[PDB]
Amino acid sequence: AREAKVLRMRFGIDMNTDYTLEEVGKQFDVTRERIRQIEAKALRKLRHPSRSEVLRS
Amino acid sequence: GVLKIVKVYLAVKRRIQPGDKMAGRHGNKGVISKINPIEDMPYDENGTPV
Amino acid sequence: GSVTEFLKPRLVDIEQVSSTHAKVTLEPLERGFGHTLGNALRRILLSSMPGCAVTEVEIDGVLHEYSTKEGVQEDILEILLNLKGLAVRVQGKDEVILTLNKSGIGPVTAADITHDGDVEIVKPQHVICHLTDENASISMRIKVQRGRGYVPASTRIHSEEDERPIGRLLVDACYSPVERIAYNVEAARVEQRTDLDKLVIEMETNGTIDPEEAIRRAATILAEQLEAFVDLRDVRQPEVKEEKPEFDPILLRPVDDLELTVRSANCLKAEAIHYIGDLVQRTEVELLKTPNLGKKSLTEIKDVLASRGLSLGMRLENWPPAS
Amino acid sequence: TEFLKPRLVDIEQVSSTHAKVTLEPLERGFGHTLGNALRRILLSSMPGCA
Amino acid sequence: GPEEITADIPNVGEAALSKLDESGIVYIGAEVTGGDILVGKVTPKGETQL
């Protein structure tokens, strides 16, 4: 949840208006760098699945 | 229109595919069917097939 | 087992009229078999025969087959068409590169080809070119291969030579050495019984094969094919291929797909790194200790890997399943 | 380099006498060659008492 | 904006330079098939929103 919501809210998907590191860092106490860390960690998670890989092209 | 254009002349070579409209000279229309190997075509007393 | 009578066929006199035309007679034959073996041998001879043929031709100063050359009365297409009917008999190889250099006024035949010790040329009088001016010269590389049953250049779209230079001109292949095949039954005057025939097989080839190995290879194919007509286990195929890739299919592609510098490509080819499945799980620690691999090459690798989404020096202890 | 062997083989006996046999993997003309060959053997070259 | 003929076509692989030169035009004498590129050309278009 503290990673799906992060990626979802940052890049703004399934919620219309997308927010920035501050507006997400305030609603999750820890500001900026912390949320960017998790934001990068999720991207780290997406290096094995092929679904989005082939959807890329 | 505008700007530069490029023409590329490429040449292809087609064989007699099954379906080509091929005809004689006496209104002898025809369309090729199959391909049929030489090994199973009508021959005579000699090796000469058709 | 103890039944039947039957007889056996045997080779008699092989009358060699010419270098191309030939006659193979089989005398010890009954009535039914003499006419039965006729079509079997005829078909397998008119198709499923070996022989060598030209596949690729590289001419100096010529890019495509629709071009011309100074001092050459014939165009490139006609030259290729002449190389089609090149009677070649290779000793013990599956691919040979015949070089052909010739200059000055006069016709260039198959004799002007560098006489190889393995290559036996039937007709060295075969017309290939016709140089006009005395200052004209040609030098082409011909490739001959062993095959069976036609198979032109259209068949191989690009399933051979990933690069293949511009000069290489693909030529269609006429593998079968046999031009025509005829046969007559005829009553046999076998000084023995009275009701026997002698399968006379009239043959016409190009001289790149002898009736001996010709008929024997033919009957050999017939025997090997009739082999499956003995037992009939009705063996089926298991099929059921697995439909669940455990990892990303891209890791199955070689490092060539990375599209990087030549130096880095040679380093990976020297470090025994063929597929990207090995480069993706190799750390910078191991990459630094690689011969001729510096900051530029290392940056090159991380860039071409990160751009494809993948990373460097990961771990996926599942390599490789599972055939 | 050489040739291939027929792999998929099916046999259905529409009784003890009538039967059908199918062999799929075969090259050009071979089906007809073996067909005529086996036919000319089965229609005369067979023993049996009558 | 204007449309330029380049070899820097987005979303391409090694098949690009394989047939095409440093400019973006196929070499005279190259063998091409259905799908290959003959002249590399790109058109300007921002926005897209994504």
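Counting begins at 1 with the first residue displayed.
Any Cβ shown, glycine's included, is placed from N, Cα and C.
Per Swiss-Prot, these features apply:
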type    : residues  : note
REGION  : C:160-163 : region 'Required for interaction with Crp at class II promoters'
MOD_RES : C:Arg263  : ADP-ribosylarginine
MOD_RES : C:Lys295  : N6-acetyllysine
MOD_RES : C:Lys296  : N6-acetyllysine
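Overlay of Swiss-Prot annotations on the structure.
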residue: C:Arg263; record: ADP-ribosylarginine; Cβ neighbours (10 Å): 14
residue: C:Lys295; record: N6-acetyllysine; Cβ neighbours (10 Å): 8
residue: C:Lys296; record: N6-acetyllysine; Cβ neighbours (10 Å): 11
Taking DSSP H, G, I as helix and E, B as strand, the region 'Required for interaction with Crp at class II promoters' (C:160-163) contains 0 helix, 0 strand, 4 coil
Looking only at C-alpha atoms, tell me how far C:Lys296 (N6-acetyllysine) is from the residue listed as 'ADP-ribosylarginine', rounded to the nearest Å. 10
DSSP on C:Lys295 (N6-acetyllysine), three-state: which is it? helix
